[PDB]
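Here's the structure we're looking at; comments come further down.
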Ligand SMILES: O=c1ccn([C@@H]2O[C@H](COP(=O)(O)OP(=O)(O)O)[C@@H](O)[C@H]2O)c(=O)[nH]1
Ligand SMILES: CC(=O)N[C@@H]1[C@@H](O)[C@H](O)[C@@H](CO)O[C@H]1O
Ligand SMILES: [Mg+2]
Ligand SMILES: [Mg+2]
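Protein chains in written order, with our numbering: chain A, 1 to 503; chain B, 504 to 1006; chain C, 1007 to 1451; chain D, 1452 to 1897.
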């Protein structure tokens, strides 16, 4: 019995789906629950391993689709340039280094090797480009043995990729594929032939030999979800949902629109055993919506994205009259409005310094406006640091969130006990704050009405600072953070494991 | 459980493959084991049912592929002439008839009906066609109600079938199929759609919901062979080889050229749980050919494909010097040479009869033969009729067929005790004749040159009529008929069934 | 008196709209097969089926019956169905306020060829399947029950319409026309004067019935060019025909049509417009509104700089593209992301000006509601149909007179200066008071 | 001291044999990718794969590996595989006389267009995959080890080659010819003299070797029309080149050859023939044969009544048409049907006479198997291919008078008659004694 996890792709710069899924592994490790995480998209430019390592994945929880047929095991790059030159015939003259780009020359004949380094200092080579007469011909990828290759050919004097071949530990061919118009049109095993990459996944799922004792979890429906459902009804199937599942401004009491990433699963939900949402408010609002529009009643369980080992308790100076927040300074964050929350409040509230911890673009819209406004030195501006500690050395966390289906910025913000302020919006901003205890909520007109809340933000802040609830509700912030400790998440994740396998 | 039997199609005159099922049916009716006989072919020219009952089947034993989907279940045509003309607006005055055809006329708007009667003297209507202005726009088929309809249209001044349809008892649409040039293409069910008749049978078998000990029996591979195998491995599968199973001519010791009818099964035999033939002579040849060539050892039984309820004695006077023949009446049977042996036997022994019972290829160039040749009324080409006691009333039997796997027409002859004259070849000929008693076998040069074979035919004909052997080798034919009898035929079956259900 | 229109149109709907205002209440039949007809009307194809009259619950895009697991895809202007992503079926949408309602649902084969079409009504019965032959031509049409039975089969080659009703004998019609003539007699409908919008089948019903008493009227919403349709010449000379008189609305289309006719010919026509009732007057706001699907608008910026004074309201039901977000730097640019039908009729009320410069195509007939609320409907060339409501005085090309586009509106300051530009468009759509319909047809009762 | 043959066809093998009887056994190289090679000869592609030598066991059409339950079909002309009855794989039978032996298996896409091609050897497993791009254009061909470790990868577009041998450094060639030279340096063959039948790459390796010690000979076969190829007159206006002499076995070409370019070239045009191996003598029986893939055979209805003395054996293992069975009522004629691949030669054993009046394709290379067995060949303008081995005197009119062919054939009732009549047909194809090869080829190293 096992638990399989499915997603499209991964890279250095990743999104909230993977790290939520990455964390999901660590929990399932302490469950004694064997877990495999299946990745689909074609991953070449860097090795598949190096991106599993840096998101934290264990190499033996990693089943790569296009690796599964090769008896090679998922591996980091051990291959040098000296190991490469041993497989090549002749001796090089010129050796250029432009970077990770290392180009050996054999002008004796017309052949030369451009070589690609993992890191410019290291001896480590990921892929090789062999070239004859300036025309690229073969390309080769390495983990601990050449596990893949590509074969090119000029088209309009432009090197164009055609077929790609995956090898075994002994160098023999596992299978090959044909690429027309950047698309994968045919796969050939010794025993099989495949015309649809869609139908290729079906082969993967019948090779894994899923018993009923197993469990399947789907993250992105894109590219898979049809065949996944069809091959998954032997075992137990479930679909996780991150961010928002619908658009309310497009939906009336008569009809309901789901998100394009969630529309298939929800419509066919009766085949899926269970659904997973970020918050409880999402579990309820969705559950409310389901039984109305179409009468079908799947079961829904609540699980968080991240968690907390320990409630973070200060003995540091608890600096009264201060603010703090963490985001990337993105136009969605609508933090250009949070600037007047500081500059209009300062006249009533003395000596309050908010702290900026984030990095994105259109950021110089934020550094340009702070100075021309009356108070330019009131608030620091800083890109990033290690956040998990500092929180307790400030007072209230401020959130301009339009909507966030969950966040761990606030999950770790109740770790150090800070009181929070956010709009009443789905979901996380709505599930960590009850307007009576630990913070204030700001229902928004359906509009962006700038000056409407420009003071209404300033309004609620002075209620914390003047006075008496300043720490009273902040101690209540540990009572709400209590329920989300990494101990109780491990409880719901195993209890859910029997909330499926039992019947 | 149940025993499902897969056969493509049927006529009135249908082959001995089709008769085997009919005999096989009454066998299972007395073993307390239910069964079903599936028919895939398009059956329109007459009603499916009159063909079923004709050969001995019971209506509730037949599953017609294009039927079972609906609620209307197989039955004779109960619809009167008056019932249809009541369904039309206005009334006729002028009415034609010829053959099985009736044509009513309502030519105020130019429209009329071509009706098709099951048989002449009766008023029951199989087909009903509608023609307005001179083009055929609809055609309705009947049993006790309207069980399907065809629609048409002109193309190049020709009647052209584009779409068909099937109906329920309430006159509700089950499915309609589209026709592009004599080949079905698409099927519109409310819940499904299909582009190939192969993948329609896949749906038929799928909905049959076969259990562990169910049995699927293949007679004819053609066009459905693949779809039979994939969807039957849930249950136990078997294939019965009716004709000769290879070509000894183009076969070396290295290579065996099989028979196209059975090839897909032999190559893939492993998937099939058992095989069936009739003469154990055929078994040991094939099963030995089987392992020496492809080295596969499937379980192969021996069962006769038609039996004797009891061996028949013709009470009424034994008709003198009579001959009789029956078969598909085709090129293979070599009926030509029998006509050549008699007119010269008409010489030394006049008056001696011969009867030809069958419907098929080149019946005409036989009837073109006797008119000019020396038999005026000396031979009877009577078509295909019920021979139940008819063999018994004739003195001797003749088969010029070159090869027969069983050759039931003489199996029913040895139940009349009749002597036999034919070639010495596998299988049914080297089973049902031991030259010492009963009939005579002829070795044959591998060639067809007229003078050689026909003259040697009557060589042993006249040693019988004159005289002394026609009395007591009629009893030895009886004493070898004792070998294959229902008591034994029923015997081999019942055990073989659970012999497979053992596992 | 009955109304017989071949096809339901924004043409026809405002035509049957205006007739009620003159007190002429006649019943309405449509020769077209549509199922979204508002509650006033019926069609010979839709009447006998038994679809419950008055109900509205059209099928949502993701409810179309599909095989197991077969995936239904997303919605902007179209929906699609696939088996393993291989394209199988297209869901063509309806035309209505809420989007993503089923009008047509088509299937295919593995080759992408056309084959079946199953139409839906505003209820959503699978009430008509439709079959197509080799060349992707037509074949026939089965109009179904709500129980699944047969009613009508129109064989599109010969035209022969097979009508098998409940409990009744089977009839066969030589063409679509006799079907119409049949359907009328059973409903017992008074024919003394008759109105129809199409030279097509709507017209042939008269030439059959020329003997029955009374006189008939033909209406022309379709444009002409050079010569008349051959059937129009027949209306001129023949008299005993039930139809003695033709009608054209458009101030342009009327005289260019009568240009081709002799002195004898002209006296058989009458010219007159329609009556649009507007939910409110003008009130000369300075505000403007634009509705797109994606980016972007030609000369959108060059206009923003050519006017400071009033707001530019641009909106979308799709999460907007950054090109549109960049324009928000300026105070007169206001966007609406993923906007709501609630937010919609607010923006129509807050603005007096509509601008059709948006690339792509129309938004739920935004142009029509721009004319209904008496805004100033205008734009360049490369616009969004319908051009039905805009004049030449108010139109331009390729953002070239984008400066005098401004001055044209700036020329409206005087309370009644706008009204001089208004009722220039007000006569281009041929808006005329019902006092006019009454004076013309009081002779024609 | 090498035989370098560009392509394999029966028109080659006749050179291998004539030199064999003339006593030239030297190493033999074949450029082509063939897997059925008679083991006397090797090819640069097949050498390094690692299958065995002396094993002839092809695959039967039904054996070719296929996905689960997928249905195989073959008709004895071709074979096909169908998932749900829909065409997926084409299977082409070997050049071999034996039916239903697998040479190449082509797979088609969901739309029916060609994509992959998996070639088969004479040893019975797939040794190469070929890939195609778009419009059924040739892309590459991968060659496999026995285990399937990549060995040869050729890119048909540029011409480059990849050689990864077993536990061996990777060399990358540039042209097909550069690879050939690498294969003569890997075996260390005697390159003293080289023999080649074409102006293709085989000829080009002679042009690449121009400096090397030796002299080379071209045996030119393929037929010529109105001008000598530019790569041919290249040896005629140049001297240095390894190839100094052109040998033409067919005289019809050798006569036209000296008939174009004037002056000296007639020195390096020599003339030879092919000393065959005849499989048996004639024996002058009254029994004859015609092989027919297509009913009917013109002029036939005449000749049966013309010489009742004799017997016509005509057959197809195909089903016989009913129009030709009407002729059976003339009882001098027996018809054979559905013949064993050893029972076709039953007629070639008991027939001394073959007549090409057939209207359709030559089956099984019918004219040639008669020549090797000395069956006297007689026919019309409607004869078949190959018309190489038939003397003009025995060729006659198309449906036009057919009994000149009779009383002239009838003229062979004596032993001296047939012997003299055969030699005309014998030297049509330029059969020569092994003596003439010794003389003409003694001039080079022996
Ligand atoms: O006049 C006839 C001739 C045929 N048969 C039946 O058709 C079968 C013919 O089978 P046979 O094996 O002799 O012919 P084949 O199977 O080769 O078509 C026999 O069993 C008969 O029962 C019959 O009932 N009446
Ligand atoms: C010519 C021939 O082989 N005919 C056989 C027949 O002998 C046998 O009785 C029947 C049932 O198995 O199957 C037929 O194919
Ligand atoms: Mg499917
Ligand atoms: Mg399959």
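By construction, the Cβ of each residue, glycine as well, lies at the ideal position given by its N, Cα and C atoms.
Using the Cα positions of residue i and residue j, report the straight-line distance between them to the nearest angstrom.
i: residue 905 of chain B; j: residue 807 of chain B; result: 20 Å
i: residue 513 of chain B; j: residue 1124 of chain C; result: 36 Å
i: residue 1150 of chain C; j: residue 1043 of chain C; result: 18 Å
i: residue 1157 of chain C; j: residue 1165 of chain C; result: 16 Å
i: residue 1820 of chain D; j: residue 794 of chain B; result: 35 Å
i: residue 69 of chain A; j: residue 766 of chain B; result: 32 Å
i: residue 41 of chain A; j: residue 1000 of chain B; result: 51 Å
i: residue 1207 of chain C; j: residue 1223 of chain C; result: 14 Å
i: residue 771 of chain B; j: residue 111 of chain A; result: 50 Å
i: residue 374 of chain A; j: residue 346 of chain A; result: 10 Å
i: residue 1230 of chain C; j: residue 1205 of chain C; result: 12 Å
What first and last residue would you give for the beta strand (DSSP E) that runs through residue i?
i: residue 719 of chain B; result: 718–721
i: residue 826 of chain B; result: 826–829
What would DSSP say about residue i, mapped onto helix, strand or coil?
i: residue 391 of chain A; result: helix
i: residue 445 of chain A; result: coil
i: residue 806 of chain B; result: coil
i: residue 582 of chain B; result: coil
i: residue 227 of chain A; result: helix
i: residue 629 of chain B; result: strand
i: residue 758 of chain B; result: coil
i: residue 526 of chain B; result: helix
i: residue 237 of chain A; result: strand
i: residue 1558 of chain D; result: strand
Margin query: What are the residues in the stretch 678–709 of chain B lying within 7 Å of chain D by C-beta distance?
Written below: 699, 701, 702
Check: Quick one: any contact between the stretch 276–292 of chain A and the stretch 234–248 of chain A, if contact means 3 or more CB pairs under 8 Å?
Finding: yes
Margin query: So if I threshold CB-CB distances at 9 Å, which residues from the stretch 211–233 of chain A count as touching chain C?
Written below: 221, 223, 225, 226, 227, 229, 230
Next item on the list: Select from the stretch 1529–1541 of chain D all residues with a C-beta closer than 8 Å to any C-beta belonging to chain A, and list them in chain order.
Entry: 1539
Margin query: Is it the case that the stretch 310–329 of chain A contacts the stretch 293–300 of chain A, given that we only count it when at least three CB pairs across the two stretches are under 8 Å?
Written below: no
Check: Do the stretch 870–879 of chain B and the stretch 894–903 of chain B meet, that is, are 3 or more Cβ pairs less than 8 Å apart?
Finding: no
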